[PDB]
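Protein chains in written order, with the deposited numbering: chain H, 1 to 52, 52A to 52C, 53 to 82, 82A to 82C, 83 to 100, 100A to 100L, 101 to 127, 135 to 213; chain L, 3 to 9, 11 to 95, 95A to 95C, 96 to 209.
In this text, a Cβ means the ideal position worked out from N, Cα and C, and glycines have one as well.
Working notes, structure below.
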Amino acid sequence: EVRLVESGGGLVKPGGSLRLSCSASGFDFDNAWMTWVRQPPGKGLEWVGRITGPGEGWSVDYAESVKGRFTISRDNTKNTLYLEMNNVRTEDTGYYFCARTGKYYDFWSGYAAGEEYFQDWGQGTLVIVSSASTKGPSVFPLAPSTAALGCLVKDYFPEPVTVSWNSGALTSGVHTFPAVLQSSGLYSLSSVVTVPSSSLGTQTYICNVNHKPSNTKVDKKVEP
Amino acid sequence: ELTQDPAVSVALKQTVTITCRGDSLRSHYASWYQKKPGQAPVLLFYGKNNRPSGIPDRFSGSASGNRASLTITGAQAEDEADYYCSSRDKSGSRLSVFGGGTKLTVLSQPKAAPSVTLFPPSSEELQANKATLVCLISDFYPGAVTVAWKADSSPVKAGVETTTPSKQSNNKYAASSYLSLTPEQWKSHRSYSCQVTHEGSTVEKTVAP
């Protein structure tokens, strides 16, 4: 019955701006404390900030690494919450959650004695930060020293790239690994085939890299 | 700041405790969260002893000193997820902080040691004024490893970038770690090692120019 939907995710260049919207239903939103939480992909959760309701003076608090750049606001007439992201940096990537926040309150101790907790969460909205818009990859051979050889695919945006060996003829022992986003904002990944040492030269191995967004196809032979 | 062990494994139907440590815990209780990949987090426990409706009774929270612990008695396969602790960062603070999170694996397969392959910078790459060491880790379970790069025996921290492990098709996990060096840095040293620790055992692969 309680539902939170986040929206506004997309790609923004460093220094850019973006507003996330989180629409709520199934509870008295006017009084509820709301918290933004973000998760860098493959990493842990980070508390972004919380905004209170009118009764608490619309008091808002921000995490230290985010203060001065993000603003939290809300429209109680529309049941929406906003995260206004300005001077946006690469570390701000990328998954952002809005949460209905509960709190301990005692008349003598105020809120300082208790803690906050986020009883319901949205599914999340993804914000990618990078100066690149469309960049073909560079492909390098990972030569053999059971032997192992592969290809290194470097500095591309956006995902995905598809790696095939010998135009799809080679599938046994092939293992293309998940890509990784570098601090530059570009992706790099590697695909390696493992073959017995004797066969290393009797057969020639070529990797086929296909980055559709930049419309590139790269073929690279691997030689010992 | 709240500290959690990154990985914990438990056998089916057994009992496991995930612990979170921090200075602020001596003054405040901690809430506990379960997050599964591609899914919203779920609050499991908060305050002294508060369990939301619908949370099975086999989850339970405790606290003593600078420690807050979550306990799962009779673990089920649905309990495999990330677990996070949350609390105030400082006593009486207005802000809140999350812990690093703990990947809980409920054992569904035999433990598998990682296969590691270390690749030196390709000759063509060095001609372009770049150097990238590629260490590839595959065929391990449960999916949690630590990667330490060493130049000779001297630890290296700059230039390292590691992916979060993800399940392969053969039901195990695979990860990769890249060390980026200047071309001069690669030539200078005798060896560059990639050491992968998993379940208390460490595998080392070494390359040299």
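How long is the line joining the alpha carbons of residue i and residue j, rounded to whole angstroms?
i	j	result
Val45/L	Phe166/H	30 Å
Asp28/H	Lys75/H	12 Å
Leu118/L	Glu184/L	19 Å
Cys196/H	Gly42/H	28 Å
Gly54/H	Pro114/L	54 Å
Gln171/H	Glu161/L	7 Å
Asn31/H	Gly52C/H	7 Å
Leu4/H	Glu81/L	24 Å
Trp36/H	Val12/H	19 Å
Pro40/H	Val142/H	23 Å
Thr132/L	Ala84/L	33 Å
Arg94/H	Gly100H/H	17 Å
Where DSSP assigns a beta bridge to residue i, which residues make up the other side?
i	result
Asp208/H	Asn197/H
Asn53/L	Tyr49/L
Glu100I/H	Answer by DSSP bridge pairing: none, since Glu100I/H is not bridged.
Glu46/H	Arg38/H
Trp103/H	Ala93/H
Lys205/L	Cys194/L
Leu80/H	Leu20/H and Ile69/H
Listing by chain order, which chain H residues have their CB less than 8 Å from the CB of residue i?
i	result
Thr163/L	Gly42, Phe166, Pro167, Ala168 and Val169
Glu124/L	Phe122 and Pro123
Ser90/L	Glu100I
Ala174/L	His164, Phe166 and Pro167
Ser166/L	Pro167
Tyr87/L	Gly44 and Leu45
Quick one: does residue i have its CB under 9 Å from some CB of chain A?
i	result
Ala114/H	Absent here is chain A; the protein component of the structure consists of chains H and L.
Apart from the five residues just before and just after residue i, which ones in its own chain have a Cβ nearer than 6 Å to its Cβ?
i	result
residue 131/H	No atoms are given for residue 131/H, which sits in the stretch of chain H between 127 and 135 that the model skips.
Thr68/H	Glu81
Keeping to the same chain, check which residues put their C-beta closer than 8 Å to that of residue i; ignore five residues upstream and five downstream.
i	result
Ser166/L	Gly143, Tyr173, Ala174 and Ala175
In chain order, what residues of the same chain lie with their CB nearer than 7 Å to the CB of residue i, ignoring the 5 residues before and after it?
i	result
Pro126/H	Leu189 and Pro213
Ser12/L	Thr105, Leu107 and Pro142
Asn171/L	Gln109
Which residues in chain H have a C-beta closer than 7 Å to the C-beta of residue i? List them in chain order.
i	result
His189/L	Ordered by position in chain H, no residue passes the 7 Å Cβ test against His189/L, which lies about 18 Å from the chain.
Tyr49/L	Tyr100K
Under 8 Å between beta-carbons, which chain L residues line up against residue i? List them in chain order, please.
i	result
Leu141/H	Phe119, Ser122, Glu125, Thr132 and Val134
Listing by chain order, which chain L residues have their CB less than 7 Å from the CB of residue i?
i	result
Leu175/H	Going along chain L, no residue has its Cβ under 7 Å from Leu175/H, so there is no contact; the nearest lies around 11 Å.
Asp58/H	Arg95B and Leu95C
Could you work out which residues of chain L lie near residue i, taking near to mean beta carbons separated by less than 9 Å?
i	result
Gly104/H	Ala43
Interface residues of chain H around residue i at Cβ under 9 Å?
i	result
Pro55/L	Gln101
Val160/L	Here the premise fails: no neighbours, minimum Cβ distance about 11 Å.
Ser63/L	The contacting residues do not exist; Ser63/L stays about 16 Å from chain H at best.
request  = Run through the region 2-44 of chain H for me and flag every whole alpha helix (DSSP H) of 4 or more residues, listed as ranges in chain order.
outcome  = Correct list: empty.
ask   = Going along the chain, which unbroken runs of the alpha helix (DSSP H) with 4 or more residues stay wholly within the region 149-194 of chain L?
value = If one requires a minimum length of 4 residues, the alpha helix (DSSP H) runs lying completely within the region 149-194 of chain L are 183-188, in chain order.
key: Within the region 151-175 of chain H, ranges of the beta strand (DSSP E) (whole runs, at least 3 residues)   = The region 151-175 of chain H contains these whole beta strand (DSSP E) runs: 151-154 and 163-165.
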